[PDB]
$ cat protein_24.pdb   # PDB, C-alpha atoms
ATOM      1  CA  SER A   1      96.573 -16.548  21.704
ATOM      2  CA  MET A   2      94.386 -14.712  19.173
ATOM      3  CA  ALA A   3      90.711 -15.724  18.966
ATOM      4  CA  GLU A   4      90.626 -17.578  15.658
ATOM      5  CA  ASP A   5      88.275 -16.755  12.800
ATOM      6  CA  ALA A   6      84.592 -17.702  12.967
ATOM      7  CA  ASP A   7      82.237 -19.107  10.339
ATOM      8  CA  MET A   8      79.700 -16.604   8.972
ATOM      9  CA  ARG A   9      76.608 -17.125  11.173
ATOM     10  CA  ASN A  10      74.334 -17.799   8.164
ATOM     11  CA  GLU A  11      71.972 -16.145   5.647
ATOM     12  CA  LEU A  12      68.613 -14.638   6.656
ATOM     13  CA  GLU A  13      66.679 -14.381   3.383
ATOM     14  CA  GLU A  14      64.850 -11.049   3.155
ATOM     15  CA  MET A  15      63.749  -9.412  -0.112
ATOM     16  CA  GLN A  16      61.912  -6.097  -0.569
ATOM     17  CA  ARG A  17      61.615  -4.245  -3.944
ATOM     18  CA  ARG A  18      58.906  -1.840  -5.360
ATOM     19  CA  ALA A  19      55.450  -3.319  -4.523
ATOM     20  CA  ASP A  20      53.649  -0.759  -2.302
ATOM     21  CA  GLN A  21      52.791   2.011  -4.780
ATOM     22  CA  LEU A  22      52.801  -0.320  -7.792
ATOM     23  CA  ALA A  23      49.940  -2.371  -6.408
ATOM     24  CA  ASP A  24      48.176   0.656  -4.948
ATOM     25  CA  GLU A  25      48.166   2.019  -8.504
ATOM     26  CA  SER A  26      46.980  -1.367  -9.769
ATOM     27  CA  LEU A  27      44.067  -1.096  -7.313
ATOM     28  CA  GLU A  28      42.955   2.435  -8.189
ATOM     29  CA  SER A  29      42.197   1.186 -11.724
ATOM     30  CA  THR A  30      40.082  -1.809 -10.705
ATOM     31  CA  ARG A  31      37.970   0.380  -8.443
ATOM     32  CA  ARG A  32      37.125   2.656 -11.383
ATOM     33  CA  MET A  33      36.286  -0.360 -13.563
ATOM     34  CA  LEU A  34      33.866  -1.548 -10.885
ATOM     35  CA  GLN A  35      32.230   1.877 -10.692
ATOM     36  CA  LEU A  36      31.719   2.080 -14.462
ATOM     37  CA  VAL A  37      30.329  -1.457 -14.687
ATOM     38  CA  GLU A  38      27.897  -0.608 -11.896
ATOM     39  CA  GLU A  39      26.832   2.563 -13.703
ATOM     40  CA  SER A  40      25.953   0.826 -16.992
ATOM     41  CA  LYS A  41      23.054  -1.244 -15.618
TER      42      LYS A  41
ATOM     43  CA  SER B   1      -5.182   9.857 -16.684
ATOM     44  CA  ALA B   2      -4.374   6.316 -15.533
ATOM     45  CA  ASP B   3      -8.071   5.442 -15.268
ATOM     46  CA  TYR B   4      -8.659   6.791 -18.777
ATOM     47  CA  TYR B   5      -5.682   4.814 -20.097
ATOM     48  CA  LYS B   6      -7.024   1.617 -18.526
ATOM     49  CA  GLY B   7     -10.416   2.343 -20.075
ATOM     50  CA  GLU B   8      -8.687   2.819 -23.444
ATOM     51  CA  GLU B   9      -6.850  -0.545 -23.144
ATOM     52  CA  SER B  10      -3.572   1.400 -23.519
ATOM     53  CA  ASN B  11      -1.085  -0.346 -21.233
ATOM     54  CA  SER B  12       2.588   0.402 -20.401
ATOM     55  CA  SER B  13       1.623   3.930 -19.251
ATOM     56  CA  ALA B  14      -0.669   3.185 -16.308
ATOM     57  CA  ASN B  15       2.231   1.406 -14.596
ATOM     58  CA  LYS B  16       4.505   4.443 -14.910
ATOM     59  CA  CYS B  17       1.687   6.781 -13.863
ATOM     60  CA  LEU B  18       1.071   4.728 -10.717
ATOM     61  CA  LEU B  19       4.814   4.571 -10.016
ATOM     62  CA  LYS B  20       5.095   8.359 -10.208
ATOM     63  CA  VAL B  21       1.941   8.762  -8.107
ATOM     64  CA  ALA B  22       3.403   6.529  -5.392
ATOM     65  CA  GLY B  23       6.733   8.351  -5.502
ATOM     66  CA  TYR B  24       4.947  11.672  -5.049
ATOM     67  CA  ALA B  25       2.636  10.354  -2.321
ATOM     68  CA  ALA B  26       5.505   8.958  -0.251
ATOM     69  CA  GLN B  27       6.761  12.551  -0.019
ATOM     70  CA  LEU B  28       3.665  13.604   1.957
ATOM     71  CA  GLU B  29       4.163  10.839   4.575
ATOM     72  CA  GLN B  30       1.371   8.554   3.336
ATOM     73  CA  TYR B  31       2.722   5.001   3.285
ATOM     74  CA  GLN B  32      -0.305   2.732   2.781
ATOM     75  CA  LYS B  33      -1.102   4.185  -0.645
ATOM     76  CA  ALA B  34       2.574   4.092  -1.609
ATOM     77  CA  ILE B  35       2.978   0.502  -0.391
ATOM     78  CA  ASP B  36      -0.111  -0.665  -2.274
ATOM     79  CA  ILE B  37       0.875   1.061  -5.516
ATOM     80  CA  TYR B  38       4.486  -0.135  -5.324
ATOM     81  CA  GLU B  39       3.478  -3.747  -4.678
ATOM     82  CA  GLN B  40       0.918  -3.595  -7.497
ATOM     83  CA  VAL B  41       3.564  -2.286  -9.903
ATOM     84  CA  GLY B  42       6.047  -4.913  -8.733
ATOM     85  CA  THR B  43       3.637  -7.805  -9.202
ATOM     86  CA  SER B  44       2.627  -6.423 -12.607
ATOM     87  CA  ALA B  45       6.253  -6.156 -13.759
ATOM     88  CA  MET B  46       7.458  -9.439 -12.223
ATOM     89  CA  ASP B  47       6.155 -11.561 -15.108
ATOM     90  CA  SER B  48       7.435  -9.186 -17.813
ATOM     91  CA  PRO B  49      10.999 -10.226 -18.773
ATOM     92  CA  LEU B  50      11.819  -6.673 -19.869
ATOM     93  CA  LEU B  51      10.839  -5.100 -16.530
ATOM     94  CA  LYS B  52      11.315  -8.202 -14.367
ATOM     95  CA  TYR B  53      14.835  -7.208 -13.381
ATOM     96  CA  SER B  54      13.776  -3.634 -12.759
ATOM     97  CA  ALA B  55      11.068  -4.957 -10.472
ATOM     98  CA  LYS B  56      13.786  -5.333  -7.844
ATOM     99  CA  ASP B  57      14.024  -1.562  -7.533
ATOM    100  CA  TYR B  58      10.297  -1.335  -6.928
ATOM    101  CA  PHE B  59      10.534  -3.964  -4.220
ATOM    102  CA  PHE B  60      13.401  -2.071  -2.632
ATOM    103  CA  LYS B  61      11.353   1.110  -2.694
ATOM    104  CA  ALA B  62       8.434  -0.710  -1.120
ATOM    105  CA  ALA B  63      10.718  -2.147   1.530
ATOM    106  CA  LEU B  64      12.083   1.301   2.281
ATOM    107  CA  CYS B  65       8.548   2.638   2.536
ATOM    108  CA  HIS B  66       7.573  -0.292   4.741
ATOM    109  CA  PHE B  67      10.686   0.158   6.890
ATOM    110  CA  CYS B  68       9.297   3.197   8.717
ATOM    111  CA  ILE B  69       6.217   1.253   9.893
ATOM    112  CA  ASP B  70       8.103  -0.908  12.407
ATOM    113  CA  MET B  71      11.272  -2.980  12.407
ATOM    114  CA  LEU B  72       9.504  -6.154  13.565
ATOM    115  CA  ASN B  73       7.325  -6.429  10.473
ATOM    116  CA  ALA B  74       9.986  -4.757   8.325
ATOM    117  CA  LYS B  75      12.233  -7.765   8.786
ATOM    118  CA  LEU B  76       9.266  -9.984   8.024
ATOM    119  CA  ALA B  77       8.424  -7.793   5.059
ATOM    120  CA  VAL B  78      11.969  -8.097   3.781
ATOM    121  CA  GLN B  79      11.872 -11.832   4.352
ATOM    122  CA  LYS B  80       8.537 -12.044   2.577
ATOM    123  CA  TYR B  81       9.863  -9.919  -0.258
ATOM    124  CA  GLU B  82      12.911 -12.171  -0.448
ATOM    125  CA  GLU B  83      10.688 -15.263  -0.369
ATOM    126  CA  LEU B  84       8.545 -14.265  -3.355
ATOM    127  CA  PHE B  85      11.601 -13.075  -5.345
ATOM    128  CA  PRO B  86      14.605 -15.203  -4.328
ATOM    129  CA  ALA B  87      16.647 -13.540  -7.073
ATOM    130  CA  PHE B  88      16.160 -10.379  -5.013
ATOM    131  CA  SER B  89      19.019 -11.733  -2.893
ATOM    132  CA  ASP B  90      21.409 -11.074  -5.791
ATOM    133  CA  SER B  91      20.733  -7.339  -5.518
ATOM    134  CA  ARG B  92      22.968  -5.518  -3.044
ATOM    135  CA  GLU B  93      19.875  -3.823  -1.587
ATOM    136  CA  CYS B  94      18.997  -6.874   0.512
ATOM    137  CA  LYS B  95      22.393  -6.950   2.215
ATOM    138  CA  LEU B  96      22.304  -3.152   2.505
ATOM    139  CA  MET B  97      19.061  -3.110   4.481
ATOM    140  CA  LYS B  98      20.195  -6.159   6.471
ATOM    141  CA  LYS B  99      23.280  -4.253   7.632
ATOM    142  CA  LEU B 100      21.185  -1.145   8.311
ATOM    143  CA  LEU B 101      18.807  -3.184  10.480
ATOM    144  CA  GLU B 102      21.743  -4.809  12.276
ATOM    145  CA  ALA B 103      23.155  -1.363  13.060
ATOM    146  CA  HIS B 104      19.760  -0.022  14.168
ATOM    147  CA  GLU B 105      19.079  -3.001  16.454
ATOM    148  CA  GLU B 106      21.478  -1.462  19.007
ATOM    149  CA  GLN B 107      21.145   2.227  18.044
ATOM    150  CA  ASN B 108      24.551   1.996  16.319
ATOM    151  CA  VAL B 109      24.275   5.018  14.038
ATOM    152  CA  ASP B 110      27.948   4.767  13.032
ATOM    153  CA  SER B 111      27.512   1.520  11.094
ATOM    154  CA  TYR B 112      24.413   2.779   9.276
ATOM    155  CA  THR B 113      26.181   6.030   8.381
ATOM    156  CA  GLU B 114      29.176   4.081   7.066
ATOM    157  CA  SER B 115      26.915   1.853   4.964
ATOM    158  CA  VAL B 116      25.046   4.838   3.513
ATOM    159  CA  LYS B 117      28.317   6.639   2.764
ATOM    160  CA  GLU B 118      29.685   3.563   0.986
ATOM    161  CA  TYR B 119      26.480   3.149  -1.028
ATOM    162  CA  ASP B 120      26.575   6.813  -2.057
ATOM    163  CA  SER B 121      30.261   6.598  -2.995
ATOM    164  CA  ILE B 122      29.789   3.503  -5.161
ATOM    165  CA  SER B 123      26.606   4.872  -6.757
ATOM    166  CA  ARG B 124      24.648   8.100  -6.460
ATOM    167  CA  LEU B 125      21.379   8.118  -4.519
ATOM    168  CA  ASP B 126      18.080   9.759  -5.398
ATOM    169  CA  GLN B 127      16.727  12.729  -3.462
ATOM    170  CA  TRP B 128      13.700  10.714  -2.326
ATOM    171  CA  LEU B 129      15.906   7.808  -1.238
ATOM    172  CA  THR B 130      18.228  10.170   0.641
ATOM    173  CA  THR B 131      15.249  11.813   2.353
ATOM    174  CA  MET B 132      13.902   8.426   3.447
ATOM    175  CA  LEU B 133      17.349   7.407   4.701
ATOM    176  CA  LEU B 134      17.657  10.594   6.764
ATOM    177  CA  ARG B 135      14.135  10.091   8.129
ATOM    178  CA  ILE B 136      15.068   6.549   9.177
ATOM    179  CA  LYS B 137      18.205   7.977  10.793
ATOM    180  CA  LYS B 138      16.037  10.361  12.823
ATOM    181  CA  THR B 139      14.368   7.325  14.436
TER     182      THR B 139
END
$ encode --input "protein_24.pdb" --output "structure tokens"
Amino acid sequence: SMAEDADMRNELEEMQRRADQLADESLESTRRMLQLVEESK
Amino acid sequence: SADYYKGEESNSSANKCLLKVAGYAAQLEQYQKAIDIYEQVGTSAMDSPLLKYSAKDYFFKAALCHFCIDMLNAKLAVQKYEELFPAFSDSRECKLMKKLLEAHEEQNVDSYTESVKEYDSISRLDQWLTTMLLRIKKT
């Protein structure tokens, strides 16, 4: 009388890597491009 | 000097002389002269392809000068200015003053301050423009 094994509930897909600061950096460059393009006119 | 230049048939300098005269006059809180000179310069430069685009700045200056008169006609003035120069809508100045008027309609100084701060951050403002903006704020 030993509770038999149980099937692994399932998989809950969840993926997180290095986006935060990589895209914040990406942004800081576009802003400066915009400023320069504005300045030229 | 401008009258002499006109009498000498020497153009392209009377326009700048009148522009500088209007810019100086607006300092002393005299709007009618400034409005007339700015609109004259704008209509003179509208048909010139070289200065046609720059005419938008003159219209914006005139609108700013006309803003202090009263909001009721200022909106109409902006609409009229937009009507004669529909390309004026492309310039960010139209939306800028629209947001400023929206903020002022309910004494919401926070929105106007935010808009002015954003405009300064994106591009530097002139001393005369900053003075006019602060004067409008005092309203």
$ closest_residue --input "protein_24.pdb" --among "B:70, B:94, B:135, B:54" --to "chain A" --atoms "all atoms listed in the file"
B:54
$ interface_residues --input "protein_24.pdb" --of "chain A" --to "chain B" --cutoff "12 Å" --atoms "only C-alpha atoms" --output "PyMOL selection string"
chain A and resi 31-41
$ axis_aligned_box --input "protein_24.pdb" --around "range 2-20 of chain A" --padding-each-side "4 Å" --output "JSON"
{"center_x": 74.0, "center_y": -9.9, "center_z": 6.9, "size_x": 48.7, "size_y": 26.3, "size_z": 32.5}
$ atom_distance --input "protein_24.pdb" --atom1 "CA of residue 128 in chain B" --atom2 "CA of residue 6 in chain B"
27.8 Å
$ atom_distance --input "protein_24.pdb" --atom1 "CA of residue 78 in chain B" --atom2 "CA of residue 63 in chain B"
6.5 Å
$ residues_around --input "protein_24.pdb" --residues "residue 134 in chain B" --least-positions-apart "4" --cutoff "12 Å" --atoms "all atoms listed in the file" --output "MDAnalysis selection string"
chainID B and resid 64 68 109 112:113 116 127:130 138:139
$ closest_residue --input "protein_24.pdb" --among "B:14, B:22, B:87, B:34" --to "residue 52 in chain B" --atoms "only C-alpha atoms"
B:87
$ resolve_selection --input "protein_24.pdb" --expression "the PyMOL selection byres ((chain B and resi 61) around 12)" --output "ChimeraX atom specification"
/B:19,22-23,26,31,34-39,41-42,54-60,62-68,78,81,93-94,97,126,128-130,132-133
$ build_atoms --input "protein_24.pdb" --residues "range 67-97 of chain B" --atoms "N, CA and C atoms" --output "short mmCIF file (atom, residue, chain, number, x, y, z; two decimals), in the frame of the given file"
data_model
loop_
_atom_site.label_atom_id
_atom_site.label_comp_id
_atom_site.auth_asym_id
_atom_site.auth_seq_id
_atom_site.Cartn_x
_atom_site.Cartn_y
_atom_site.Cartn_z
N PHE B 67 9.76 0.17 5.77
CA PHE B 67 10.69 0.16 6.89
C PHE B 67 10.21 1.06 8.02
N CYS B 68 9.69 2.24 7.69
CA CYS B 68 9.30 3.20 8.72
C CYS B 68 8.15 2.70 9.59
N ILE B 69 7.35 1.74 9.10
CA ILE B 69 6.22 1.25 9.89
C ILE B 69 6.70 0.72 11.24
N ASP B 70 7.52 -0.32 11.21
CA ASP B 70 8.10 -0.91 12.41
C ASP B 70 9.13 -1.94 11.98
N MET B 71 10.20 -2.05 12.76
CA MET B 71 11.27 -2.98 12.41
C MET B 71 10.80 -4.43 12.45
N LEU B 72 9.93 -4.77 13.40
CA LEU B 72 9.50 -6.15 13.56
C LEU B 72 8.89 -6.70 12.29
N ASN B 73 7.91 -5.99 11.73
CA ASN B 73 7.32 -6.43 10.47
C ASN B 73 8.19 -6.07 9.28
N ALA B 74 9.08 -5.08 9.42
CA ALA B 74 9.99 -4.76 8.32
C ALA B 74 10.89 -5.93 8.01
N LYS B 75 11.45 -6.57 9.04
CA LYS B 75 12.23 -7.76 8.79
C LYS B 75 11.36 -8.82 8.12
N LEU B 76 10.15 -9.01 8.65
CA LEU B 76 9.27 -9.98 8.02
C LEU B 76 8.94 -9.55 6.61
N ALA B 77 8.72 -8.25 6.41
CA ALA B 77 8.42 -7.79 5.06
C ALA B 77 9.60 -8.09 4.15
N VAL B 78 10.81 -7.82 4.62
CA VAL B 78 11.97 -8.10 3.78
C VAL B 78 12.03 -9.59 3.51
N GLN B 79 11.83 -10.39 4.55
CA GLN B 79 11.87 -11.83 4.35
C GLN B 79 10.80 -12.24 3.36
N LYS B 80 9.59 -11.70 3.52
CA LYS B 80 8.54 -12.04 2.58
C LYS B 80 8.93 -11.60 1.18
N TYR B 81 9.47 -10.39 1.06
CA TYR B 81 9.86 -9.92 -0.26
C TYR B 81 10.95 -10.82 -0.82
N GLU B 82 11.89 -11.24 0.02
CA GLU B 82 12.91 -12.17 -0.45
C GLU B 82 12.30 -13.51 -0.84
N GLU B 83 11.29 -13.96 -0.08
CA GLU B 83 10.69 -15.26 -0.37
C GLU B 83 10.02 -15.30 -1.74
N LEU B 84 9.22 -14.28 -2.06
CA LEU B 84 8.54 -14.26 -3.36
C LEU B 84 9.51 -14.05 -4.52
N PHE B 85 10.62 -13.36 -4.30
CA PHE B 85 11.60 -13.08 -5.34
C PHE B 85 12.98 -13.48 -4.85
N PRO B 86 13.29 -14.78 -4.84
CA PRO B 86 14.60 -15.20 -4.33
C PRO B 86 15.77 -14.57 -5.07
N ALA B 87 15.60 -14.25 -6.36
CA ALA B 87 16.65 -13.54 -7.07
C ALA B 87 16.89 -12.16 -6.48
N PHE B 88 15.95 -11.66 -5.67
CA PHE B 88 16.16 -10.38 -5.01
C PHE B 88 17.42 -10.42 -4.16
N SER B 89 17.80 -11.61 -3.69
CA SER B 89 19.02 -11.73 -2.89
C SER B 89 20.26 -11.31 -3.67
N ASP B 90 20.25 -11.48 -5.00
CA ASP B 90 21.41 -11.07 -5.79
C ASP B 90 21.66 -9.57 -5.69
N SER B 91 20.59 -8.78 -5.64
CA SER B 91 20.73 -7.34 -5.52
C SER B 91 21.39 -6.97 -4.19
N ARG B 92 22.28 -5.98 -4.24
CA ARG B 92 22.97 -5.52 -3.04
C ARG B 92 22.03 -4.84 -2.06
N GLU B 93 20.81 -4.51 -2.47
CA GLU B 93 19.88 -3.82 -1.59
C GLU B 93 19.52 -4.69 -0.38
N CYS B 94 19.36 -5.99 -0.59
CA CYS B 94 19.00 -6.87 0.51
C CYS B 94 20.06 -6.82 1.60
N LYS B 95 21.32 -7.03 1.23
CA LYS B 95 22.39 -6.95 2.22
C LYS B 95 22.50 -5.55 2.80
N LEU B 96 22.23 -4.52 2.00
CA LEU B 96 22.30 -3.15 2.50
C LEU B 96 21.31 -2.94 3.64
N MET B 97 20.04 -3.28 3.42
CA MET B 97 19.06 -3.11 4.48
C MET B 97 19.30 -4.07 5.63
#
